[PDB]
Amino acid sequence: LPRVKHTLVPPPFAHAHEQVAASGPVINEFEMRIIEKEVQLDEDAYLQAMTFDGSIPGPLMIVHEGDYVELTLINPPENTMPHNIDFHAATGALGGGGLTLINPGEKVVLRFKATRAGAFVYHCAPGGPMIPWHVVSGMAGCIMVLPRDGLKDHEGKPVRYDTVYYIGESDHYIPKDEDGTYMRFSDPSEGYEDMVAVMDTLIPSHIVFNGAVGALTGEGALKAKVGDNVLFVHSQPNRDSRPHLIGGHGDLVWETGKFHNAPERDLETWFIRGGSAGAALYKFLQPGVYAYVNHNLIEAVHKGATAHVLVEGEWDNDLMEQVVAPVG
């Protein structure tokens, strides 16, 4: 088969691809370097992170159903921990987890057949308590396996997006001093026991998009134009989420994220199960600011799960109009 080498792009963006496969099956070649580093989650909150390719989430991979995926995974010598990868897209050996365990200083190449269309989580899963710990330290991303003929709606009609944004949502469990301020450590291992204690409460200290509070707001805000069909691919490798586009809807939504299932329509809020990726298509109809949020609003605002979308275009009074301005 033809081989195709991809240059991955950081989230929320996506590497160059075509929705309708331009060729028959190919072998898709990707490479990622595991990067262990402390990352700033919020003003005075840091995580001893473990990442695929330096980002949280790991970068989005896009292939077509029936293609193969060959991932070269590298664990540089500066790292402290063994690591591996579990593709929920894959069949066998714990999603690849059982064939990809690498020590600092090693690399591995895994091939699998992308036999099933949909957005899928990939995540580290070295074994035992290392499994949740590596995930909640940021070690998860997404691979999107498109049907060879592109997306289809609930009636089998072809549908197309102008833009895909990959929204990786991640729950983190940063230990706190008695006064509520966050603790700092020299490395992930030093912080492990105190993190486990937070993990055991099941209460995230932070729940973020693109690896930090406000990553996708301000200068990081998503951009679109009236008329654009935007696919929002949303992963959550460990905990549930309930995405909502404030001022919009999900025109077509695969909340369980598998493209041969019929999508639901007109959703206000949908549901990403912890350990999965879903996808929602919306055509923007109005200009202005939108917020894309986890609609546990405490999770959205206090914990960090809020992105903004800035949309340019012409306002439509038929859809909405302020008939009487605030007055009194």
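Residues carry their position along the shown sequence, with the first being 1. Between two forms, the rigid core is defined as the largest C-alpha subset superposing within 1.5 Å.
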item: Stretch departing more from the displayed form, 173-181 or 223-231, Cα RMS in 4 other deposited structures of this protein (core fit); value: 173-181
item: Given 200-208 and 123-131, the range whose Cα B-factors average higher in the PDB entry; value: 123-131
item: Mean C-alpha B-factor comparison - 62-70 and 38-46, higher one; value: 38-46
item: Peak C-alpha temperature factor (PDB record), options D162, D86, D171, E219; value: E219
item: Highest recorded Cα temperature factor - choice among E155, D251, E255, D240; value: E155
item: Relative C-alpha B-factor of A90, binned into the chain's lowest, middle or highest third; value: lowest
item: Relative C-alpha B-factor of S189, binned into the chain's lowest, middle or highest third; value: highest
item: Record-listed C-alpha B factor of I272: chain third; value: lowest
item: Within-chain third of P147 by Cα B-factor, per the entry; value: middle
item: B-factor third for the C-alpha atom of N103 within its chain; value: highest
